[PDB]
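Source file: target-v3.cif; contents: mmCIF, N, CA, C and O atoms.
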data_target
loop_
_atom_site.label_atom_id
_atom_site.label_comp_id
_atom_site.auth_asym_id
_atom_site.auth_seq_id
_atom_site.Cartn_x
_atom_site.Cartn_y
_atom_site.Cartn_z
N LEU I 5 -48.98 -35.84 -25.00
CA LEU I 5 -50.14 -34.95 -24.91
C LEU I 5 -51.22 -35.55 -24.05
O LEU I 5 -51.80 -34.91 -23.17
N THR I 6 -51.52 -36.82 -24.30
CA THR I 6 -52.55 -37.53 -23.54
C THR I 6 -52.24 -37.51 -22.06
O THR I 6 -53.11 -37.25 -21.22
N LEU I 7 -51.00 -37.82 -21.72
CA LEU I 7 -50.57 -37.84 -20.33
C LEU I 7 -50.82 -36.51 -19.66
O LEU I 7 -51.34 -36.42 -18.55
N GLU I 8 -50.43 -35.44 -20.34
CA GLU I 8 -50.61 -34.09 -19.82
C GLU I 8 -52.06 -33.82 -19.50
O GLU I 8 -52.41 -33.29 -18.44
N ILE I 9 -52.93 -34.16 -20.43
CA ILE I 9 -54.36 -33.96 -20.26
C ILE I 9 -54.14 -34.46 -18.86
O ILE I 9 -54.83 -34.09 -17.91
N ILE I 10 -53.17 -35.35 -18.71
CA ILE I 10 -52.84 -35.92 -17.41
C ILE I 10 -52.51 -34.84 -16.41
O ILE I 10 -52.98 -34.84 -15.26
N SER I 11 -51.67 -33.90 -16.82
CA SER I 11 -51.27 -32.80 -15.96
C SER I 11 -52.47 -32.02 -15.47
O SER I 11 -52.59 -31.70 -14.28
N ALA I 12 -53.36 -31.70 -16.38
CA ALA I 12 -54.57 -30.96 -16.05
C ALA I 12 -55.37 -31.67 -14.98
O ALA I 12 -55.84 -31.07 -14.00
N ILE I 13 -55.56 -32.96 -15.17
CA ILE I 13 -56.32 -33.78 -14.22
C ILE I 13 -56.81 -34.18 -12.85
O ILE I 13 -57.99 -34.04 -12.51
N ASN I 14 -55.90 -34.70 -12.04
CA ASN I 14 -56.24 -35.13 -10.68
C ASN I 14 -56.83 -33.99 -9.88
O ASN I 14 -57.85 -34.14 -9.20
N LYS I 15 -56.19 -32.84 -9.95
CA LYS I 15 -56.66 -31.66 -9.23
C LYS I 15 -58.07 -31.31 -9.61
O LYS I 15 -58.93 -31.04 -8.77
N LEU I 16 -58.34 -31.30 -10.91
CA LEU I 16 -59.67 -30.99 -11.42
C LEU I 16 -60.71 -31.91 -10.84
O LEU I 16 -61.78 -31.50 -10.39
N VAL I 17 -60.41 -33.20 -10.85
CA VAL I 17 -61.32 -34.21 -10.33
C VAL I 17 -61.66 -33.93 -8.88
O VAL I 17 -62.83 -33.98 -8.46
N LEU I 46 -69.47 -26.61 -7.05
CA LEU I 46 -69.72 -28.04 -6.95
C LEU I 46 -69.86 -28.67 -8.32
O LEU I 46 -69.28 -29.72 -8.62
N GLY I 47 -70.65 -28.04 -9.17
CA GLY I 47 -70.87 -28.53 -10.52
C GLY I 47 -69.57 -28.67 -11.27
O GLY I 47 -69.30 -29.68 -11.93
N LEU I 48 -68.74 -27.65 -11.19
CA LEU I 48 -67.44 -27.65 -11.86
C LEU I 48 -66.61 -28.83 -11.43
O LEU I 48 -66.00 -29.54 -12.24
N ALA I 49 -66.55 -29.05 -10.13
CA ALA I 49 -65.78 -30.16 -9.57
C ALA I 49 -66.23 -31.48 -10.14
O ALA I 49 -65.43 -32.33 -10.55
N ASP I 50 -67.54 -31.68 -10.18
CA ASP I 50 -68.12 -32.91 -10.71
C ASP I 50 -68.76 -33.45 -11.97
O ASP I 50 -68.09 -33.99 -12.86
N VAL I 51 -70.07 -33.31 -12.05
CA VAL I 51 -70.82 -33.78 -13.21
C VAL I 51 -70.31 -33.15 -14.48
O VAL I 51 -70.09 -33.82 -15.50
N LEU I 52 -70.12 -31.85 -14.45
CA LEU I 52 -69.63 -31.11 -15.60
C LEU I 52 -68.30 -31.65 -16.07
O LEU I 52 -68.07 -31.88 -17.27
N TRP I 53 -67.40 -31.87 -15.13
CA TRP I 53 -66.07 -32.39 -15.44
C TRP I 53 -66.19 -33.55 -16.41
O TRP I 53 -65.99 -33.41 -17.62
N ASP I 54 -66.52 -34.71 -15.88
CA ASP I 54 -66.67 -35.91 -16.69
C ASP I 54 -67.70 -35.71 -17.78
O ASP I 54 -67.49 -36.04 -18.95
N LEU I 55 -68.83 -35.15 -17.40
CA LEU I 55 -69.92 -34.89 -18.34
C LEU I 55 -69.45 -34.01 -19.48
O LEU I 55 -69.72 -34.27 -20.66
N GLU I 56 -68.75 -32.95 -19.13
CA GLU I 56 -68.24 -32.01 -20.13
C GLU I 56 -67.36 -32.72 -21.13
O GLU I 56 -67.47 -32.53 -22.35
N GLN I 57 -66.45 -33.54 -20.63
CA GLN I 57 -65.53 -34.29 -21.48
C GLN I 57 -66.29 -35.14 -22.47
O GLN I 57 -65.98 -35.18 -23.67
N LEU I 58 -67.29 -35.85 -21.99
CA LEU I 58 -68.10 -36.72 -22.83
C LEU I 58 -68.73 -35.94 -23.96
O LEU I 58 -68.71 -36.35 -25.13
N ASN I 76 -65.15 -40.56 -18.91
CA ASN I 76 -64.58 -41.77 -19.48
C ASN I 76 -63.07 -41.75 -19.42
O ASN I 76 -62.41 -42.72 -19.02
N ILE I 77 -62.49 -40.63 -19.82
CA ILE I 77 -61.04 -40.46 -19.82
C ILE I 77 -60.48 -40.69 -18.43
O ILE I 77 -59.48 -41.39 -18.24
N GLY I 78 -61.10 -40.07 -17.45
CA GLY I 78 -60.67 -40.19 -16.06
C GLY I 78 -60.64 -41.64 -15.63
O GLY I 78 -59.68 -42.12 -15.01
N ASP I 79 -61.70 -42.35 -15.93
CA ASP I 79 -61.81 -43.76 -15.58
C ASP I 79 -60.67 -44.56 -16.15
O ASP I 79 -60.03 -45.38 -15.47
N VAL I 80 -60.38 -44.34 -17.42
CA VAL I 80 -59.30 -45.03 -18.11
C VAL I 80 -58.64 -45.68 -19.30
O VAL I 80 -57.57 -46.30 -19.20
N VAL I 81 -59.26 -45.55 -20.45
CA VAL I 81 -58.74 -46.13 -21.68
C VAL I 81 -57.35 -45.62 -21.97
O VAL I 81 -56.43 -46.37 -22.31
N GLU I 82 -57.17 -44.31 -21.85
CA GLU I 82 -55.88 -43.68 -22.10
C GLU I 82 -54.87 -44.79 -21.92
O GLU I 82 -53.75 -44.75 -22.44
N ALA I 83 -55.26 -45.80 -21.16
CA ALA I 83 -54.39 -46.94 -20.89
C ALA I 83 -53.95 -47.60 -22.18
O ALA I 83 -52.78 -47.92 -22.39
N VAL I 84 -54.91 -47.83 -23.06
CA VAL I 84 -54.64 -48.46 -24.35
C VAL I 84 -53.60 -47.69 -25.12
O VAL I 84 -52.65 -48.24 -25.68
N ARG I 85 -53.78 -46.38 -25.18
CA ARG I 85 -52.86 -45.50 -25.90
C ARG I 85 -51.46 -45.65 -25.37
O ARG I 85 -50.48 -45.77 -26.13
N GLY I 86 -51.32 -45.63 -24.06
CA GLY I 86 -50.02 -45.76 -23.41
C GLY I 86 -49.34 -47.04 -23.83
O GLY I 86 -48.15 -47.07 -24.17
#
Could you express the structure from this file as structure tokens?
Amino acid sequence: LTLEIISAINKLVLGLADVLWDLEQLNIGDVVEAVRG
């Protein structure tokens, strides 16, 4: 599931494209998901 959030991702990454993205989520993009993996 986490990875898929993966599927949704790279493409997603003006407001919509940016601040809202990461801001809305609030880190995930940057990277902890790593720990889970």
Q) CA of residue 51 (chain I) and atom C of residue 86 (chain I) are how many Å apart? A) 27.4 Å
List the residues matched by the PyMOL selection byres (((chain I and resi 82 and name CA) around 12) and name CA) in the displayed structure as an mmCIF file with N, CA, C and O atoms, keeping the file's coordinate frame, ordered by chain and then by residue number.
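Below is the file out_0.cif, written as the result:
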data_model
loop_
_atom_site.group_PDB
_atom_site.id
_atom_site.type_symbol
_atom_site.label_atom_id
_atom_site.label_comp_id
_atom_site.auth_asym_id
_atom_site.auth_seq_id
_atom_site.Cartn_x
_atom_site.Cartn_y
_atom_site.Cartn_z
ATOM 1 N N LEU I 5 -48.980 -35.840 -25.000
ATOM 2 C CA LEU I 5 -50.140 -34.950 -24.910
ATOM 3 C C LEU I 5 -51.220 -35.550 -24.050
ATOM 4 O O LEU I 5 -51.800 -34.910 -23.170
ATOM 5 N N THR I 6 -51.520 -36.820 -24.300
ATOM 6 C CA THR I 6 -52.550 -37.530 -23.540
ATOM 7 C C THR I 6 -52.240 -37.510 -22.060
ATOM 8 O O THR I 6 -53.110 -37.250 -21.220
ATOM 9 N N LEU I 7 -51.000 -37.820 -21.720
ATOM 10 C CA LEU I 7 -50.570 -37.840 -20.330
ATOM 11 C C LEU I 7 -50.820 -36.510 -19.660
ATOM 12 O O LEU I 7 -51.340 -36.420 -18.550
ATOM 13 N N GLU I 8 -50.430 -35.440 -20.340
ATOM 14 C CA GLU I 8 -50.610 -34.090 -19.820
ATOM 15 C C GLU I 8 -52.060 -33.820 -19.500
ATOM 16 O O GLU I 8 -52.410 -33.290 -18.440
ATOM 17 N N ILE I 9 -52.930 -34.160 -20.430
ATOM 18 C CA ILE I 9 -54.360 -33.960 -20.260
ATOM 19 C C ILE I 9 -54.140 -34.460 -18.860
ATOM 20 O O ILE I 9 -54.830 -34.090 -17.910
ATOM 21 N N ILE I 10 -53.170 -35.350 -18.710
ATOM 22 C CA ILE I 10 -52.840 -35.920 -17.410
ATOM 23 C C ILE I 10 -52.510 -34.840 -16.410
ATOM 24 O O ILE I 10 -52.980 -34.840 -15.260
ATOM 25 N N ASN I 76 -65.150 -40.560 -18.910
ATOM 26 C CA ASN I 76 -64.580 -41.770 -19.480
ATOM 27 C C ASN I 76 -63.070 -41.750 -19.420
ATOM 28 O O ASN I 76 -62.410 -42.720 -19.020
ATOM 29 N N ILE I 77 -62.490 -40.630 -19.820
ATOM 30 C CA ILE I 77 -61.040 -40.460 -19.820
ATOM 31 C C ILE I 77 -60.480 -40.690 -18.430
ATOM 32 O O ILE I 77 -59.480 -41.390 -18.240
ATOM 33 N N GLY I 78 -61.100 -40.070 -17.450
ATOM 34 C CA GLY I 78 -60.670 -40.190 -16.060
ATOM 35 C C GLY I 78 -60.640 -41.640 -15.630
ATOM 36 O O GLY I 78 -59.680 -42.120 -15.010
ATOM 37 N N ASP I 79 -61.700 -42.350 -15.930
ATOM 38 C CA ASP I 79 -61.810 -43.760 -15.580
ATOM 39 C C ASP I 79 -60.670 -44.560 -16.150
ATOM 40 O O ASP I 79 -60.030 -45.380 -15.470
ATOM 41 N N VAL I 80 -60.380 -44.340 -17.420
ATOM 42 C CA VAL I 80 -59.300 -45.030 -18.110
ATOM 43 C C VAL I 80 -58.640 -45.680 -19.300
ATOM 44 O O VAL I 80 -57.570 -46.300 -19.200
ATOM 45 N N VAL I 81 -59.260 -45.550 -20.450
ATOM 46 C CA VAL I 81 -58.740 -46.130 -21.680
ATOM 47 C C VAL I 81 -57.350 -45.620 -21.970
ATOM 48 O O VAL I 81 -56.430 -46.370 -22.310
ATOM 49 N N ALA I 83 -55.260 -45.800 -21.160
ATOM 50 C CA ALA I 83 -54.390 -46.940 -20.890
ATOM 51 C C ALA I 83 -53.950 -47.600 -22.180
ATOM 52 O O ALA I 83 -52.780 -47.920 -22.390
ATOM 53 N N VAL I 84 -54.910 -47.830 -23.060
ATOM 54 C CA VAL I 84 -54.640 -48.460 -24.350
ATOM 55 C C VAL I 84 -53.600 -47.690 -25.120
ATOM 56 O O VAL I 84 -52.650 -48.240 -25.680
ATOM 57 N N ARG I 85 -53.780 -46.380 -25.180
ATOM 58 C CA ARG I 85 -52.860 -45.500 -25.900
ATOM 59 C C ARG I 85 -51.460 -45.650 -25.370
ATOM 60 O O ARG I 85 -50.480 -45.770 -26.130
ATOM 61 N N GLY I 86 -51.320 -45.630 -24.060
ATOM 62 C CA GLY I 86 -50.020 -45.760 -23.410
ATOM 63 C C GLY I 86 -49.340 -47.040 -23.830
ATOM 64 O O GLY I 86 -48.150 -47.070 -24.170
#
Q | Atomic separation - atom C of residue 13 (chain I) relative to atom O of residue 54 (chain I), Å | A | 12.4 Å
Can you pull out every residue from chain I that DSSP, working from the backbone, puts in alpha helix (DSSP H), and format the result as an mmCIF file with N, CA, C and O atoms, keeping the file's coordinate frame?
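This is the output file selection_37.cif:
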data_model
loop_
_atom_site.group_PDB
_atom_site.id
_atom_site.type_symbol
_atom_site.label_atom_id
_atom_site.label_comp_id
_atom_site.auth_asym_id
_atom_site.auth_seq_id
_atom_site.Cartn_x
_atom_site.Cartn_y
_atom_site.Cartn_z
ATOM 1 N N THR I 6 -51.520 -36.820 -24.300
ATOM 2 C CA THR I 6 -52.550 -37.530 -23.540
ATOM 3 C C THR I 6 -52.240 -37.510 -22.060
ATOM 4 O O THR I 6 -53.110 -37.250 -21.220
ATOM 5 N N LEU I 7 -51.000 -37.820 -21.720
ATOM 6 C CA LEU I 7 -50.570 -37.840 -20.330
ATOM 7 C C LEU I 7 -50.820 -36.510 -19.660
ATOM 8 O O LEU I 7 -51.340 -36.420 -18.550
ATOM 9 N N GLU I 8 -50.430 -35.440 -20.340
ATOM 10 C CA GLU I 8 -50.610 -34.090 -19.820
ATOM 11 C C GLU I 8 -52.060 -33.820 -19.500
ATOM 12 O O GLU I 8 -52.410 -33.290 -18.440
ATOM 13 N N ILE I 9 -52.930 -34.160 -20.430
ATOM 14 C CA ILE I 9 -54.360 -33.960 -20.260
ATOM 15 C C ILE I 9 -54.140 -34.460 -18.860
ATOM 16 O O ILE I 9 -54.830 -34.090 -17.910
ATOM 17 N N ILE I 10 -53.170 -35.350 -18.710
ATOM 18 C CA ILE I 10 -52.840 -35.920 -17.410
ATOM 19 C C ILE I 10 -52.510 -34.840 -16.410
ATOM 20 O O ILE I 10 -52.980 -34.840 -15.260
ATOM 21 N N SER I 11 -51.670 -33.900 -16.820
ATOM 22 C CA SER I 11 -51.270 -32.800 -15.960
ATOM 23 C C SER I 11 -52.470 -32.020 -15.470
ATOM 24 O O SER I 11 -52.590 -31.700 -14.280
ATOM 25 N N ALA I 12 -53.360 -31.700 -16.380
ATOM 26 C CA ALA I 12 -54.570 -30.960 -16.050
ATOM 27 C C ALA I 12 -55.370 -31.670 -14.980
ATOM 28 O O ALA I 12 -55.840 -31.070 -14.000
ATOM 29 N N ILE I 13 -55.560 -32.960 -15.170
ATOM 30 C CA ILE I 13 -56.320 -33.780 -14.220
ATOM 31 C C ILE I 13 -56.810 -34.180 -12.850
ATOM 32 O O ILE I 13 -57.990 -34.040 -12.510
ATOM 33 N N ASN I 14 -55.900 -34.700 -12.040
ATOM 34 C CA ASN I 14 -56.240 -35.130 -10.680
ATOM 35 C C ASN I 14 -56.830 -33.990 -9.880
ATOM 36 O O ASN I 14 -57.850 -34.140 -9.200
ATOM 37 N N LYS I 15 -56.190 -32.840 -9.950
ATOM 38 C CA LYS I 15 -56.660 -31.660 -9.230
ATOM 39 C C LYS I 15 -58.070 -31.310 -9.610
ATOM 40 O O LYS I 15 -58.930 -31.040 -8.770
ATOM 41 N N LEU I 16 -58.340 -31.300 -10.910
ATOM 42 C CA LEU I 16 -59.670 -30.990 -11.420
ATOM 43 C C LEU I 16 -60.710 -31.910 -10.840
ATOM 44 O O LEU I 16 -61.780 -31.500 -10.390
ATOM 45 N N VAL I 51 -70.070 -33.310 -12.050
ATOM 46 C CA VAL I 51 -70.820 -33.780 -13.210
ATOM 47 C C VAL I 51 -70.310 -33.150 -14.480
ATOM 48 O O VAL I 51 -70.090 -33.820 -15.500
ATOM 49 N N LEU I 52 -70.120 -31.850 -14.450
ATOM 50 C CA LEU I 52 -69.630 -31.110 -15.600
ATOM 51 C C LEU I 52 -68.300 -31.650 -16.070
ATOM 52 O O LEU I 52 -68.070 -31.880 -17.270
ATOM 53 N N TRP I 53 -67.400 -31.870 -15.130
ATOM 54 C CA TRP I 53 -66.070 -32.390 -15.440
ATOM 55 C C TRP I 53 -66.190 -33.550 -16.410
ATOM 56 O O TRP I 53 -65.990 -33.410 -17.620
ATOM 57 N N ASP I 54 -66.520 -34.710 -15.880
ATOM 58 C CA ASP I 54 -66.670 -35.910 -16.690
ATOM 59 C C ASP I 54 -67.700 -35.710 -17.780
ATOM 60 O O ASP I 54 -67.490 -36.040 -18.950
ATOM 61 N N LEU I 55 -68.830 -35.150 -17.400
ATOM 62 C CA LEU I 55 -69.920 -34.890 -18.340
ATOM 63 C C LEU I 55 -69.450 -34.010 -19.480
ATOM 64 O O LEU I 55 -69.720 -34.270 -20.660
ATOM 65 N N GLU I 56 -68.750 -32.950 -19.130
ATOM 66 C CA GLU I 56 -68.240 -32.010 -20.130
ATOM 67 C C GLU I 56 -67.360 -32.720 -21.130
ATOM 68 O O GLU I 56 -67.470 -32.530 -22.350
ATOM 69 N N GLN I 57 -66.450 -33.540 -20.630
ATOM 70 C CA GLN I 57 -65.530 -34.290 -21.480
ATOM 71 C C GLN I 57 -66.290 -35.140 -22.470
ATOM 72 O O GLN I 57 -65.980 -35.180 -23.670
#
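Pairwise distance (atom O of residue 15 (chain I), atom C of residue 58 (chain I)) equals 18.7 Å.
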Could you work out an axis-aligned box for region 77-86 of chain I, taking every atom the file lists and adding 5 Å on each side, and report centre and edge lengths in Å to one decimal, as JSON?
{"center_x": -55.3, "center_y": -44.3, "center_z": -20.6, "size_x": 24.3, "size_y": 18.4, "size_z": 21.1}
